[PDB]
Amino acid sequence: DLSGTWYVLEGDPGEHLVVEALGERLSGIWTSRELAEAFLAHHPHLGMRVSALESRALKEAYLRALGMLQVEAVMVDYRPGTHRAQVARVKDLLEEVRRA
């Protein structure tokens, strides 16, 4: 679930990690600091750090920012896994955050 704090990657304020794969611009959201730091541990030298979006306002500002970055999807809890990746459309997340 996406309720609860979202953990994302951020360099200088506002510069979030955007990756181009699957024919789109993707960012990432992790559902726990451990999962995000784990991913961070496997991707150094990108000037990134884990950032926590604890409030509705911060989660909201984050989505707006993904929009400014023209990102229409985010991978949820991405990691070297066995299950098909979880890709959420930003348009869908903008609806979800209204539950928070």
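Note that residue numbering follows the sequence shown and begins at 1.
Between 10-18 and 80-88, it is 80-88 that carries the larger average Cα temperature factor according to the deposited entry. Ranked within its chain, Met75 lands in the highest third, by CA B factor from the PDB record. When the modelled residues of the chain are ordered by their C-alpha B factor, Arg56 lands in the lowest third.
In this PDB entry, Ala41 carries a Cα temperature factor that places it within the highest third of its chain's modelled residues.
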